[PDB]
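> You'll find my_file_1.txt just under this line, and it carries compact mmCIF, C-alpha atoms and all ligand atoms.
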# COMPACT_ATOMS: atom_id res chain seq x y z
CA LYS A 1 38.48 133.37 26.87
CA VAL A 2 35.40 133.39 24.61
CA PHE A 3 36.39 133.47 20.93
CA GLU A 4 34.51 135.47 18.33
CA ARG A 5 33.34 133.13 15.51
CA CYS A 6 35.55 134.36 12.67
CA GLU A 7 38.44 134.99 15.06
CA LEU A 8 38.47 131.29 15.98
CA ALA A 9 38.06 130.16 12.35
CA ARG A 10 41.18 132.06 11.28
CA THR A 11 43.09 130.70 14.31
CA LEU A 12 42.22 127.06 13.59
CA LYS A 13 43.15 127.58 9.94
CA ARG A 14 46.59 128.84 11.01
CA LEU A 15 47.05 125.81 13.29
CA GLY A 16 46.49 123.48 10.33
CA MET A 17 43.04 122.08 11.19
CA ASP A 18 41.43 122.55 7.77
CA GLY A 19 41.19 119.09 6.24
CA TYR A 20 43.16 117.44 9.06
CA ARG A 21 42.52 113.69 8.71
CA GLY A 22 39.72 114.55 6.27
CA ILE A 23 37.88 116.91 8.64
CA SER A 24 36.92 120.29 7.18
CA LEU A 25 37.38 123.51 9.14
CA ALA A 26 33.58 124.10 9.27
CA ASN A 27 33.21 120.77 11.10
CA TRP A 28 35.76 121.77 13.77
CA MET A 29 33.89 125.07 14.13
CA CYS A 30 30.54 123.28 14.49
CA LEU A 31 32.14 121.02 17.15
CA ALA A 32 33.67 123.91 19.19
CA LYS A 33 30.38 125.82 19.02
CA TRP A 34 28.27 123.01 20.45
CA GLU A 35 30.84 121.72 22.89
CA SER A 36 31.71 125.00 24.59
CA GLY A 37 30.30 127.98 22.72
CA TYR A 38 33.93 128.84 21.79
CA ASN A 39 34.92 129.07 25.50
CA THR A 40 38.43 127.90 26.39
CA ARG A 41 37.75 127.80 30.16
CA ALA A 42 34.66 125.57 29.93
CA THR A 43 34.69 122.50 32.21
CA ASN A 44 31.95 119.91 32.58
CA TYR A 45 32.02 117.27 35.30
CA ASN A 46 30.46 113.89 34.48
CA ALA A 47 29.34 112.57 37.87
CA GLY A 48 28.30 109.28 36.30
CA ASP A 49 31.86 108.12 35.58
CA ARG A 50 33.99 110.60 37.55
CA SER A 51 35.57 112.21 34.48
CA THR A 52 35.74 115.87 33.38
CA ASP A 53 35.54 117.50 29.92
CA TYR A 54 38.04 120.34 29.44
CA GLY A 55 38.24 123.39 27.19
CA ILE A 56 37.00 124.61 23.86
CA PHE A 57 36.64 121.07 22.43
CA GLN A 58 35.57 119.54 25.75
CA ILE A 59 38.27 116.85 25.74
CA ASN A 60 37.79 114.03 28.29
CA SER A 61 40.18 113.28 31.17
CA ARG A 62 39.59 109.50 30.99
CA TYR A 63 41.71 109.06 27.86
CA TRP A 64 43.25 112.33 26.66
CA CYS A 65 44.67 114.44 29.48
CA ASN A 66 45.66 113.87 33.10
CA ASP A 67 43.87 115.55 35.99
CA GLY A 68 44.86 112.97 38.63
CA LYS A 69 41.34 112.36 39.99
CA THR A 70 39.80 110.35 37.14
CA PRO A 71 39.77 106.57 37.88
CA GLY A 72 41.71 104.27 35.58
CA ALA A 73 42.55 107.08 33.21
CA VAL A 74 45.16 107.40 30.52
CA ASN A 75 46.85 110.49 29.08
CA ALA A 76 47.11 109.92 25.34
CA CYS A 77 47.78 113.59 24.66
CA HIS A 78 50.53 113.64 27.28
CA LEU A 79 49.12 116.86 28.71
CA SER A 80 47.91 118.03 32.08
CA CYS A 81 44.20 118.87 31.65
CA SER A 82 45.18 122.37 32.85
CA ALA A 83 46.78 122.91 29.40
CA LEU A 84 43.31 122.66 27.84
CA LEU A 85 42.11 125.68 29.85
CA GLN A 86 44.54 128.29 28.46
CA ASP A 87 43.54 131.20 26.24
CA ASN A 88 46.15 130.02 23.69
CA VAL A 89 44.49 127.04 21.96
CA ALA A 90 47.71 125.47 20.56
CA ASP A 91 47.76 122.57 23.07
CA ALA A 92 44.00 121.94 22.76
CA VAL A 93 44.42 121.80 18.97
CA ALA A 94 47.38 119.43 19.20
CA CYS A 95 45.29 117.15 21.45
CA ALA A 96 42.18 117.32 19.25
CA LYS A 97 44.46 116.22 16.36
CA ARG A 98 45.46 113.20 18.47
CA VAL A 99 41.83 112.34 19.22
CA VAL A 100 40.93 112.18 15.52
CA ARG A 101 43.91 109.97 14.60
CA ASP A 102 41.97 107.12 16.26
CA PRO A 103 39.46 105.06 14.15
CA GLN A 104 36.30 107.02 15.06
CA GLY A 105 37.82 110.28 13.90
CA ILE A 106 35.47 113.23 14.50
CA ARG A 107 32.76 110.78 15.62
CA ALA A 108 34.48 110.46 19.02
CA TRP A 109 32.43 113.49 20.09
CA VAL A 110 28.75 112.57 20.41
CA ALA A 111 27.70 116.20 20.05
CA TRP A 112 29.22 116.24 16.54
CA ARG A 113 26.88 113.39 15.47
CA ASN A 114 23.84 115.12 17.00
CA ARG A 115 24.36 118.64 15.68
CA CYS A 116 26.93 118.63 12.85
CA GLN A 117 26.89 115.33 10.94
CA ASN A 118 24.91 115.49 7.67
CA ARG A 119 24.00 119.13 8.25
CA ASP A 120 24.86 122.26 6.28
CA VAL A 121 27.85 123.46 8.36
CA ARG A 122 28.88 126.18 5.91
CA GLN A 123 27.32 128.80 8.16
CA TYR A 124 30.08 128.40 10.76
CA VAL A 125 32.85 129.69 8.45
CA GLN A 126 30.86 132.11 6.29
CA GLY A 127 32.31 135.57 5.92
CA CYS A 128 35.45 134.71 7.91
CA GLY A 129 37.95 134.83 5.07
CA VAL A 130 39.14 131.23 5.46
NA NA B 1 43.60 111.16 32.06
Mind turning this structure into structure tokens?
Ligand code: NA

Amino acid sequence: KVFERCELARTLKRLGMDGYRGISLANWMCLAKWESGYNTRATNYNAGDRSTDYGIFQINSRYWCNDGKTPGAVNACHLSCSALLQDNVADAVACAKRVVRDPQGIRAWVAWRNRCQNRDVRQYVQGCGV
């Protein structure tokens, strides 16, 4: 499903993402926007290393979820990558929380550095009532 901006913002708030490990809700919104356009069924195959990015946050199969076909992969989130393609974002959120518990934090996603870091991200949560 494709979330409406404010609809997603209120959902992430409810799932306890605001300020999780020091990451503001507007940052998570900026990340979801650039990674998938708020689309939970988005998948992106990386032919260069044989891995696939899954879901609204575009989480990688090499370390976070298991899809069986990625070489030398681990499943830190202990989830089938299929779980990251549901309309209910609870599992994707639980896994994103795991990703940011590692040293890099939000920096794990290169898109965040390119389009969110050091920018005015207030626009992503404006008018949403969060
Ligand atoms: Na994996």
> Wanna dump the chain A-ligand NA 1 (chain B) contacts at 9 Å for me, each residue with its shortest atom pair and the distance in Å to one decimal, counting only C-alpha atoms and all ligand atoms, ordered by chain and number, as a tab-separated table?

residue	atom	partner	partner_atom	distance
A:51	CA	B:NA1	NA	8.5
A:60	CA	B:NA1	NA	7.5
A:61	CA	B:NA1	NA	4.1
A:62	CA	B:NA1	NA	4.5
A:63	CA	B:NA1	NA	5.1
A:64	CA	B:NA1	NA	5.5
A:65	CA	B:NA1	NA	4.3
A:66	CA	B:NA1	NA	3.6
A:67	CA	B:NA1	NA	5.9
A:68	CA	B:NA1	NA	6.9
A:69	CA	B:NA1	NA	8.3
A:70	CA	B:NA1	NA	6.4
A:71	CA	B:NA1	NA	8.3
A:72	CA	B:NA1	NA	8.0
A:73	CA	B:NA1	NA	4.4
A:74	CA	B:NA1	NA	4.4
A:75	CA	B:NA1	NA	4.5
A:76	CA	B:NA1	NA	7.7
A:77	CA	B:NA1	NA	8.8
A:78	CA	B:NA1	NA	8.8
A:79	CA	B:NA1	NA	8.6
A:80	CA	B:NA1	NA	8.1
A:81	CA	B:NA1	NA	7.7
> Would you compute, for all listed atoms of stretch 70-74 of chain A, the axis-aligned bounding box grown by 4 Å on each side, and then report its centre and edge lengths in Å rounded to one decimal, as JSON?

{"center_x": 42.5, "center_y": 107.3, "center_z": 34.2, "size_x": 13.4, "size_y": 14.1, "size_z": 15.4}
> Separation of atom CA of residue A:6 and atom CA of residue A:38, in Å?
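Taking atom CA of residue A:6 as the start and atom CA of residue A:38 as the end point, the length is 10.8 Å.
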> Mind giving me the straight-line distance from atom CA of residue A:55 to atom CA of residue A:43 in Å, one decimal?
6.2 Å
> Using only C-alpha atoms, which protein or nucleic acid residues come within 7 Å of residue A:85? Drop anything in the same chain fewer than 3 positions from it, and give the result as number ranges by chain.
A: 40-41, 54-55, 82
> So what do you get for atom CA of residue A:3 versus atom CA of residue A:46, distance-wise?
24.5 Å
> Excluding residue A:11 and its own-chain neighbours fewer than 2 positions away, which residues fall within 12 Å of it when counting all atoms listed in the file? Please give them as a PDB file with C-alpha atoms, keeping the file's coordinate frame.

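This is the output file selection_16.pdb:
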ATOM      1  CA  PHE A   3      36.390 133.470  20.930  1.00  0.00           C
ATOM      2  CA  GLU A   4      34.510 135.470  18.330  1.00  0.00           C
ATOM      3  CA  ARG A   5      33.340 133.130  15.510  1.00  0.00           C
ATOM      4  CA  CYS A   6      35.550 134.360  12.670  1.00  0.00           C
ATOM      5  CA  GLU A   7      38.440 134.990  15.060  1.00  0.00           C
ATOM      6  CA  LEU A   8      38.470 131.290  15.980  1.00  0.00           C
ATOM      7  CA  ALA A   9      38.060 130.160  12.350  1.00  0.00           C
ATOM      8  CA  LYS A  13      43.150 127.580   9.940  1.00  0.00           C
ATOM      9  CA  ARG A  14      46.590 128.840  11.010  1.00  0.00           C
ATOM     10  CA  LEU A  15      47.050 125.810  13.290  1.00  0.00           C
ATOM     11  CA  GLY A  16      46.490 123.480  10.330  1.00  0.00           C
ATOM     12  CA  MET A  17      43.040 122.080  11.190  1.00  0.00           C
ATOM     13  CA  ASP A  18      41.430 122.550   7.770  1.00  0.00           C
ATOM     14  CA  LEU A  25      37.380 123.510   9.140  1.00  0.00           C
ATOM     15  CA  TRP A  28      35.760 121.770  13.770  1.00  0.00           C
ATOM     16  CA  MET A  29      33.890 125.070  14.130  1.00  0.00           C
ATOM     17  CA  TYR A  38      33.930 128.840  21.790  1.00  0.00           C
ATOM     18  CA  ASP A  87      43.540 131.200  26.240  1.00  0.00           C
ATOM     19  CA  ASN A  88      46.150 130.020  23.690  1.00  0.00           C
ATOM     20  CA  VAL A  89      44.490 127.040  21.960  1.00  0.00           C
ATOM     21  CA  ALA A  90      47.710 125.470  20.560  1.00  0.00           C
ATOM     22  CA  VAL A  93      44.420 121.800  18.970  1.00  0.00           C
ATOM     23  CA  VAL A 125      32.850 129.690   8.450  1.00  0.00           C
ATOM     24  CA  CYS A 128      35.450 134.710   7.910  1.00  0.00           C
ATOM     25  CA  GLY A 129      37.950 134.830   5.070  1.00  0.00           C
ATOM     26  CA  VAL A 130      39.140 131.230   5.460  1.00  0.00           C
TER      27      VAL A 130
END
> Need to verify the contact set: residue A:35, 10 Å, only C-alpha atoms, exclusion of same-chain residues closer than 2 positions in sequence. Can you return it as number ranges by chain?
A: 29-33, 37-39, 42, 44, 53-59, 109-112
> Counting only C-alpha atoms, which residue out of A:92, A:49, A:114, A:97 sits closest to residue A:20?
A:97
